[PDB]
């Protein structure tokens, strides 16, 4: 079908050719995640997490659940956090309608991560933070990868890995997300 193919064609032209990520993406009706921007950003961040079916993922910023759905097709289980209640409800509902049942959602504050659920192999954060929430670092399993937009006015996507007990930071490319908001919930 055209739209699925057009989008995948687009991504490859942008330099995104991980067959894994492209298929995950192609399988998802993007237009459905507007029930009640750049699919490139989703592809790039997804690619950076270097996912494998054995990967335990924490996502911050469930939102429409689009990027959630992408993640779920790629790993055995996803844990996702959204601070806006109604958004959590929807996304939760969309995931069941697409028979995606390997996702645990939580209405809460991503700044705190989701400690209860063990260390995570991949951490994806889809809201900008001026500095890396240390809680997330603390929840990053050994050999784990974290992808996060960092900054205020200026923003850069970062990939951080925990290997040999050492955290290593790679600045990837300029972006612009809405802020990771701390404090109470809505």
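Numbering follows the first chain given and starts at 1.
Gap check for residue 36 to residue 37: 10 or more deposited residues are absent from the model. When 116-124 is weighed against 57-65, 116-124 comes out higher, by mean CA B-factor as recorded in the entry. Just going by the entry, 76-84 versus 93-101 on mean CA temperature factor gives the higher value to 93-101. The PDB entry gives the largest Cα B-factor of the residues 27, 129, 49, 42 to 27. Sorting the modelled residues of the chain by their CA temperature factor places residue 8 in the middle third. For residue 32, the recorded CA B-factor ranks within the highest third of the chain. Only modelled residues enter the ranking. When all modelled residues of the chain are sorted by CA temperature factor, residue 18 is found within the middle third. Residue 161 sits in the lowest third of its chain by CA B factor, as recorded in the PDB entry.
Among all modelled residues in its chain, residue 144 ranks in the middle third by Cα B-factor.
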